[PDB]
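# sequence, then the experimental structure. Questions to follow.
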Amino acid sequence: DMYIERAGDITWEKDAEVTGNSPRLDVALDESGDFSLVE
Amino acid sequence: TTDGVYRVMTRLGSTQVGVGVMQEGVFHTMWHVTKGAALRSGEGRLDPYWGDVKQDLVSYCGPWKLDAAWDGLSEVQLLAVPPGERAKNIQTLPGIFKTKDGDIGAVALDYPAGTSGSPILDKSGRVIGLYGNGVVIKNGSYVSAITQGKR
């Protein structure tokens, strides 16, 4: 019941919206693909 | 078949569960979007070919093709495809998931869950990873790994 629909080209856009922090975090990745913070 | 970014929909009513990347005739998304189910593409059927739950990635019709990686310095662009919204580029400078197996770029952007699988791009337009597997740091501040596979 799953289908796909084209949404756009894979292109860099000159002068795009710029947002978001850049945190540095210690993490562990378990067998289930779950990231978790570590200290 | 044609290269591009795609919505991943499911069928009453149609919902967007994810996003993926078509490249070199292979469709790439994250495992938790499709759980490896077959995808319909027009009259055609895309069958899962490679998948890994730990990486949370899956490729259809062939092996994983995307191999570009974050340079650790430059801003990137999340090519977000939110449900009901046209594709839009969000520029950001990645933070870093530091793991015992090395550093993985990460983007502190919080888009609806149907945006999982959206490609993250470098300045040449190469897909350096997919959006939507990550961690929360404090009160829903979601940060997504830049998840990339092996070619």
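Yep, that arrived. Numbers count the residues shown, from 1 in each chain, chains lettered A, B, ... in the order given.

# near chain B, which residues of chain A?
Contact residues, chain A versus chain B (Cβ under 8 Å from any Cβ of the partner chain): A:1-13, A:16-29, A:31-33, A:35-37. All C-beta spots, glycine's among them, are computed from the backbone N, C-alpha and C.

# which ones among these are found in helices?
Assigned to helices by DSSP state H, none of the residues of chain A next to chain B qualify.

# just those residues: which are in strands?
A:2-8, A:17-18, A:24-29, A:35-37 (DSSP state E).

# mind checking the SS state of residue A:39?
coil (DSSP: H, G, I helix; E, B strand; the rest coil).

# contacting residues for the residue nearest to it when sequence neighbours are not counted?
Spatial nearest neighbour of residue A:39, excluding adjacent residues (Cβ to Cβ, 6 or more residues apart in numbering or on different chains): residue A:26 at 6.9 Å. With contacts defined as Cβ atoms under 8 Å, 6 or more residues apart in numbering or on different chains, the neighbours of residue A:26 are A:37-39, B:98-99.

# about what we covered before: weed out the non-buried ones from the ones in strands among the residues of chain A next to chain B.
With neighbours counted by 16 or more other Cβ atoms under 10 Å in any protein chain shown, those contain buried members at A:2-4, A:7, A:25, A:27, A:29, A:35.

# give me the three-state assignment for residue B:97.
strand.

# before we move on, what about residue B:32?
On the three-state scheme (three-state DSSP), residue B:32 is labelled helix.
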